[PDB]
Amino acid sequence: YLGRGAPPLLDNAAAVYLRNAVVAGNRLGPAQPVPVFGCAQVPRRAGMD
Amino acid sequence: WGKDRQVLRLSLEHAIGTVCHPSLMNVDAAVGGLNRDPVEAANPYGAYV
Amino acid sequence: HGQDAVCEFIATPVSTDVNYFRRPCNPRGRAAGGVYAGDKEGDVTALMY
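Chains as they are written, first to last, in full-length UniProt numbering: chain D, 1130 to 1178; chain A, 443 to 491; chain F, 1179 to 1227.
Spelled out as C-alpha cells, the structure:
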C-alpha cells in the first residue's frame, strides 16, 4: 500500500475497506493519505530499542 | 533467534501485506506479452464452451 | 539470613507468552524509560502510553 501504480479494484465501497483493514493497526502503513505524486512516509515511532 | 536471544514468531498473519494488496491480480502484463511468439494449438476440449 | 525482601503482585493476564519472561524484561509489559526516546517534547510519555 506504500507503493503506487497498481490498478485498484472497481468497488470503491470495497477498495477503501481493505486499506482500512491492513493499514489500520500497522507499523508501516501511512498516517496521512498517500501523496498522489511523490513519496509516502512511515509514521515516526516513539522509540528505537 | 533475534539479536538479544529472542524467540520471535513469524507466521502467515504477517503475510497479509503482500497478498491483500490487489496487485496479485495484475494479469494483463502477462497475457499481453505471452502472445508474442505464435504458439501452436493443443486439444480444445477444456477451452471451448 | 538478613533482611526480608518485600515481594509484590501485579495482576497480569493468564495467556501471555512466558517467552517475554525468559529474557531481561520490563514488568510493565511495555518498554519504558527516557533512554529510548527521540527528539520531540512528548516522546517520554509516548513510549509509556
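Don't be surprised by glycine CBs; every beta carbon is placed ideally from N, CA and C.
Item, Value
"Close Cβ partners of residue 1222 of chain F (< 7 Å) along its chain, the five nearest in sequence each way excluded", "1212 and 1215"
"Residue 1225 of chain F burial status per 10 Å Cβ neighbour count (16 or more: buried)", "buried"
"Through-space distance from residue 1149 of chain D to residue 1230 of chain F, alpha-carbon basis", "The question about residue 1230 of chain F has no answer, for chain F in this structure spans 1179 to 1227."
"Proximal chain D residues relative to residue 1209 of chain F, where beta-carbon distance stays under 8 Å", "1176 and 1178"
"Beta-carbon neighbours of residue 505 of chain A, restricted to chain D and to distances below 9 Å", "Absent from the structure is residue 505 of chain A, since the part of chain A shown begins at 443 and ends at 491."
"CA nearest to the CA of residue 1188 of chain F, picked from F:1210, F:1205 and F:1209", "F:1205"
"8 Å Cβ cutoff met for residue 1209 of chain F and residue 1178 of chain D", "yes"
"Short-range partners of chain A found in the region 1190-1207 of chain F, where Cβ spacing is below 7 Å", "1197 and 1201"
"is_contact[residue 1146 of chain D, chain A] using C-beta, thresh 8 Å", "no"
"Three-way DSSP call (helix, strand, coil) for residue 1148 of chain D in this model", "helix"
"8 Å Cβ cutoff, residue 1217 of chain F in contact with chain D", "no"
"Proximal residues of chain D, C-beta to C-beta of residue 1224 of chain F below 7 Å", "1175"
"CB contact flag (residue 446 of chain A, residue 1201 of chain F, <8 Å)", "yes"
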